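Accompanying notes for the structure given below.
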Amino acid sequence: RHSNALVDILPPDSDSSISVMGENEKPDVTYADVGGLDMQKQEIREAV
Amino acid sequence: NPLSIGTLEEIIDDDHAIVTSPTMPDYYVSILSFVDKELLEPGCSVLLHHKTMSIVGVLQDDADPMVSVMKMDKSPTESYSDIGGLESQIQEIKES
Amino acid sequence: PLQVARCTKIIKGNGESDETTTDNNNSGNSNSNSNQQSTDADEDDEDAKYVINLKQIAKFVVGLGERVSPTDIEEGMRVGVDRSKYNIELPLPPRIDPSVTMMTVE
Amino acid sequence: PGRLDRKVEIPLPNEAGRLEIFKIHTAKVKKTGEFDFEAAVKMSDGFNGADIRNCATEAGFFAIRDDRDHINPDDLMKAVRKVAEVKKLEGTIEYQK
Amino acid sequence: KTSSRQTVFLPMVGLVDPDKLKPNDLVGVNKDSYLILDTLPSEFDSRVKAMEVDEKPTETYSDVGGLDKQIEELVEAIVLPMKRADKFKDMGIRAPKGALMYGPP
Amino acid sequence: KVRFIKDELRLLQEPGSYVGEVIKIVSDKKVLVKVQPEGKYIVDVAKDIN
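Chains as they are written, first to last, in our numbering: chain A, 43 to 90; chain B, 95 to 190; chain C, 69 to 174; chain D, 136 to 232; chain E, 660 to 764; chain F, 163 to 212.
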């Protein structure tokens, strides 16, 4: 503050945007709320 | 040695002048030094002194970084006998 | 160098006051900043306060000069003031358009 | 889905719905006794409750021309014919989505 | 909100009270440390002062050829409630909340 | 190790440095330099560069 010089880094906050959604506001939907579609589910689970 | 630019807004009759700085305030300068006020007119760039803003003289001469871009220094090849035909077209641009 | 200013408006310390003595509005003596009588045991030097807007576009009430007249500095007049102390000392010429207008006319 | 899930449409006050709207308004301003509400509703067919509020005002204008502080039954007749032309021209029957 | 482009929340002085203020009042603030130092009347500007009164030139309705319905409509909105203003309070009807006049120049 | 940390703490303690770009060379052996966020300042060159 009294004279600029580099002393520390911070987490990135800018020049890359926010478009995330966290795990603290994650959907309440889970695989258990998934009823049907159980054949195709296995392939998504394996893929992601 | 340090100097700031100003642009000469107008002259004021009594060997003073009023200038516009690149910073937001204008300032009231006095015309001093070797450079006379028949070598300066409004619309000309002036140099200003650091401590007490004063008309040093002009040496910027309305320079801008776009003048360096306009200005070419690179020289082409190029003359006819490296221009393959179009005799009539060669002629017309040469006469104009 | 004086930093360049123009008076937006004039409001006067000699009849709306500015300090606290015994009154907060209107001076009677009217050559003082705050006095309605001379038996206060105070007297001031006040001619008019003048509210100026700088070319910094910060605004100040600015002190007096050293030869300025209250009959020269009024609304619409350019004035020069100090660049860190904020006091008129020398007034400036009228207008501020001759920069663009000399080139347009031919 | 899960923000808006139900849609409730609002239409116009009906032939006997328009009737009720007059009653709230007449009370709210000053009047000298009016009773012509059975005719006035037929004249005011297809109006929003916003324009029933404007009509009372309209009658209010007519009356202050006769130099009265109370709305006559006669003004209310005059008011409703005026509003009615204006209503159709700037008319709106629209539903928003 | 200073003219030095800062918004200052400041401990209040003894000689300027909150009583002596209202929103949107122009105030002298000491230049070096930011405290409300003294009061000032509300801002006045040269153009603002000018804008009030310019009714003359007057065009009336005897030198404007026709233009009705619209000249009548203008009276109903404006002139008629302006003059009989006392009646309009008593009756309880609203006054028109301005007007818009629009169309090709 | 003492000289090294002392050297580094000193670099901080200098006020700052800026950045411009030489626009032209004048004949008095000064240079017009455009300082990138502010204006242009024309100044005698350093005593160790020409």
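The beta carbon of each residue, even a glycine, is placed where N, CA and C say it ideally should be.
Shortest alpha-carbon distance to residue i belongs to which of the options?
{"i": "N99 of chain C", "options": "C:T88, C:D91, C:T107, C:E111", "result": "C:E111"}
{"i": "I187 of chain F", "options": "F:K168, F:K196, F:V181", "result": "F:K196"}
{"i": "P177 of chain F", "options": "A:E65, A:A74, A:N46", "result": "A:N46"}
{"i": "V207 of chain F", "options": "F:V193, F:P199, F:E200", "result": "F:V193"}
{"i": "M212 of chain D", "options": "D:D204, D:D171, D:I187, D:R200", "result": "D:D171"}
{"i": "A73 of chain C", "options": "C:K127, C:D115, C:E174", "result": "C:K127"}
{"i": "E104 of chain B", "options": "C:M145, C:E174, C:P166, C:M171", "result": "C:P166"}
{"i": "residue 240 of chain F", "options": "A:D75, A:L48, A:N66, A:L79", "result": "Residue 240 of chain F lies beyond the residue range present for chain F, which begins at 163 and ends at 212; the question has no answer from this structure."}
{"i": "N189 of chain D", "options": "D:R138, D:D140, D:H160", "result": "D:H160"}
{"i": "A175 of chain D", "options": "D:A185, D:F157, D:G184", "result": "D:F157"}
{"i": "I79 of chain C", "options": "C:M170, C:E174, C:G131", "result": "C:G131"}
{"i": "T698 of chain E", "options": "E:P763, E:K708, E:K681, E:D691", "result": "E:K681"}
{"i": "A151 of chain D", "options": "D:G184, D:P136, D:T167", "result": "D:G184"}
{"i": "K77 of chain C", "options": "E:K708, E:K690, E:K660", "result": "E:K708"}
{"i": "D107 of chain B", "options": "B:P96, B:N95, B:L97, B:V123", "result": "B:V123"}
{"i": "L759 of chain E", "options": "E:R664, E:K660, E:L733", "result": "E:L733"}
In whole angstroms, what separates the C-alpha of residue i from that of residue j?
{"i": "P136 of chain B", "j": "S662 of chain E", "result": "31 Å"}
{"i": "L134 of chain B", "j": "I211 of chain F", "result": "33 Å"}
{"i": "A109 of chain C", "j": "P716 of chain E", "result": "55 Å"}
{"i": "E155 of chain D", "j": "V738 of chain E", "result": "33 Å"}
{"i": "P700 of chain E", "j": "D684 of chain E", "result": "7 Å"}
{"i": "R87 of chain A", "j": "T72 of chain A", "result": "12 Å"}
{"i": "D120 of chain B", "j": "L160 of chain C", "result": "12 Å"}
{"i": "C75 of chain C", "j": "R743 of chain E", "result": "44 Å"}
{"i": "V168 of chain C", "j": "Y154 of chain C", "result": "29 Å"}
{"i": "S127 of chain B", "j": "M147 of chain B", "result": "13 Å"}
{"i": "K165 of chain B", "j": "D155 of chain B", "result": "16 Å"}
{"i": "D749 of chain E", "j": "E718 of chain E", "result": "34 Å"}
{"i": "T89 of chain C", "j": "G673 of chain E", "result": "14 Å"}
{"i": "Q82 of chain A", "j": "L139 of chain D", "result": "31 Å"}
{"i": "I164 of chain C", "j": "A754 of chain E", "result": "47 Å"}
{"i": "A191 of chain D", "j": "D727 of chain E", "result": "25 Å"}
{"i": "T107 of chain C", "j": "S152 of chain C", "result": "36 Å"}
{"i": "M171 of chain C", "j": "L102 of chain B", "result": "13 Å"}
{"i": "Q185 of chain B", "j": "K168 of chain B", "result": "25 Å"}
{"i": "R141 of chain D", "j": "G77 of chain A", "result": "25 Å"}
{"i": "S162 of chain B", "j": "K202 of chain F", "result": "16 Å"}
{"i": "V184 of chain F", "j": "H143 of chain B", "result": "20 Å"}
{"i": "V113 of chain B", "j": "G151 of chain B", "result": "13 Å"}
{"i": "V712 of chain E", "j": "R706 of chain E", "result": "12 Å"}
{"i": "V129 of chain C", "j": "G137 of chain D", "result": "59 Å"}
{"i": "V129 of chain B", "j": "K191 of chain F", "result": "19 Å"}
{"i": "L171 of chain F", "j": "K163 of chain F", "result": "13 Å"}
{"i": "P53 of chain A", "j": "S61 of chain A", "result": "16 Å"}
{"i": "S59 of chain A", "j": "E200 of chain F", "result": "28 Å"}
When the distance is taken between beta carbons, is residue j closer than 8 Å to residue i?
{"i": "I206 of chain D", "j": "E173 of chain D", "result": "no"}
{"i": "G81 of chain C", "j": "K117 of chain C", "result": "yes"}
{"i": "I156 of chain C", "j": "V136 of chain C", "result": "yes"}
{"i": "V140 of chain B", "j": "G100 of chain B", "result": "yes"}
{"i": "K131 of chain B", "j": "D109 of chain B", "result": "yes"}
{"i": "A214 of chain D", "j": "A194 of chain D", "result": "yes"}
{"i": "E114 of chain C", "j": "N101 of chain C", "result": "yes"}
{"i": "residue 649 of chain E", "j": "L696 of chain E", "result": "There is no way to answer for residue 649 of chain E, as the model of chain E reaches only from 660 to 764."}
{"i": "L70 of chain C", "j": "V149 of chain C", "result": "yes"}
{"i": "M160 of chain B", "j": "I125 of chain C", "result": "no"}
{"i": "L180 of chain B", "j": "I204 of chain F", "result": "no"}
For residue i, I'd like the list of residues in its chain whose CB is within less than 8 Å of its CB, leaving aside the five on either flank, ordered along the chain.
{"i": "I730 of chain E", "result": "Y720, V723"}
{"i": "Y230 of chain D", "result": "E144"}
{"i": "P677 of chain E", "result": "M671"}
{"i": "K165 of chain D", "result": "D204, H205, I206"}
{"i": "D91 of chain C", "result": "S85, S102, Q104"}
Using 7 Å as the cut-off, classify the Cβ of residue i as near or not near the heavy atoms of the ligand NAD, replying yes or no.
{"i": "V207 of chain F", "result": "Of the ligands one can find in the structure shown there are none, so the ligand NAD has no counterpart to examine."}
Using a Cβ-Cβ cutoff of less than 7 Å, which residues in the same chain neighbour residue i once the five nearest sequence positions on both sides are dropped?
{"i": "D86 of chain C", "result": "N101, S102, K117"}
{"i": "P116 of chain B", "result": "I99"}
{"i": "residue 613 of chain E", "result": "Residue 613 of chain E lies beyond the stretch modelled for chain E, which goes from 660 to 764, so this question has no answer here."}
Near residue i, what residues of its chain come up, given a Cβ to Cβ distance below 6 Å and the 5 sequence neighbours on each side ignored?
{"i": "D210 of chain D", "result": "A194, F197, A198"}
{"i": "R43 of chain A", "result": "none"}
{"i": "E134 of chain C", "result": "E157"}
{"i": "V675 of chain E", "result": "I695"}
{"i": "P740 of chain E", "result": "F747, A754"}
> Quick check: the region 168-188 of chain B against the region 132-150 of chain C, are there 3 or more CB pairs under 8 Å?
Replying inline: no
> How do the region 208-218 of chain D and the region 176-195 of chain D stand: do at least 3 beta-carbon pairs fall below 8 Å, yes or no?
Replying inline: yes
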